[PDB]
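Participant: model this:
(chains A and B)
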Amino acid sequence: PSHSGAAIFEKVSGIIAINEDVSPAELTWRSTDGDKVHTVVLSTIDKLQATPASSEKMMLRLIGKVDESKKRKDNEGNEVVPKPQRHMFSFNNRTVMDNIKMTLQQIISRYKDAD
Amino acid sequence: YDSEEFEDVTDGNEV
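Facilitator: Residues are numbered from 1 along each chain as shown, chains lettered A, B, ... in the order given. There you are, the coordinates:
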């Protein structure tokens, strides 16, 4: 079990598994019971997030692709960038987080190296 | 300040 770890979503603990059988490596969260599911495409994931063993809180997150071809402010008068859609997850182990954090990155660079 | 309870990872291009 390398590219797959039990990740939490919406307060529920499911199963995070990277679909490396398709063109663009994806990330599919399949609940433990099978009542909750979620899909994530690393192709859009601009950045990755993971709480190292140094962090008492074990939780992972992925930054999705936004759009820097519009630009705007925060309604106050500060030119900022549209918040990128990210998927926040929660892990319950030190090794589990490493399984995804170390595996996801494998897909991350998969786009940078090519791009 | 969500960095104290979360670390950063290799992000896309910037500079």
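Participant: in a helix, that's where residue A:99 is, yeah?
Facilitator: Yes. Under DSSP: H, G, I helix; E, B strand; the rest coil, residue A:99 falls within a helix.
Participant: Excluding residues flanking it in the chain, which one is nearest it?
Facilitator: residue A:5 (4.3 Å; C-beta to C-beta, 6 or more residues apart in numbering or on different chains). Every residue, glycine included, has its C-beta placed from N, CA and C.
Participant: What about that neighbour, how many residues nearby?
Facilitator: 23 (other C-beta atoms under 10 Å in any protein chain shown).
Participant: Please give me every residue in contact with it.
Facilitator: A:15, A:16, A:17, A:91, A:96, A:97, A:99, A:100, A:103 (C-beta atoms under 8 Å, 6 or more residues apart in numbering or on different chains).
Participant: Next: residue A:43.
Facilitator: Per C-beta under 8 Å, 6+ apart, neighbours of residue A:43: A:24, A:25, A:26, A:111.
Participant: can you tell me which of those lies nearest to residue A:72?
Facilitator: residue A:111 (26.0 Å; C-beta to C-beta).
Participant: That closest one in helix, strand or coil?
Facilitator: Residue A:111 - assigned by three-state DSSP - is helix.
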